[PDB]
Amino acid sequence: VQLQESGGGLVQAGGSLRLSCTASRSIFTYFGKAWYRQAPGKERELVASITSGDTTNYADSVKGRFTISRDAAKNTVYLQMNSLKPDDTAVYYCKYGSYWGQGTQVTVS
């Protein structure tokens, strides 16, 4: 099983991006899905998590601006990032259960 991350790139402050993360097979897992990010000179950090019960949870820095969701039929989890700030510039990594992706770069200018 592989993960395909997409929807990153360049955005200006206050703009919006939608990250997507799609598993390559129709698997089911009770492990949660999540988005992590790593900014320059910082440690990787948990941005957003969702359980198999669809219970979401967010880091303080993104609470209110970021929303995680999923489309089970599409084997996909999304990260909706709104009112992006330069602080949000980082490589974003999807965690689809126990699977990890290569990461997609987000740059807020």
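The first residue of the sequence shown is number 1, and the count goes up from there.
The deposited model assigns a higher average Cα B-factor to 6 to 14 than to the other stretch when 19 to 27 and 6 to 14 are compared. Looking at 29 to 37 and 71 to 79 together, the entry lists the larger mean B-factor for 71 to 79, computed on C-alpha atoms. In this PDB entry, residue 50 carries a Cα temperature factor that places it within the lowest third of its chain's modelled residues. In the PDB entry, residue 86 places in the highest third of its chain by CA B-factor. Remark: residue 44 belongs to the middle third of its chain, ranked by C-alpha B-factor as recorded.
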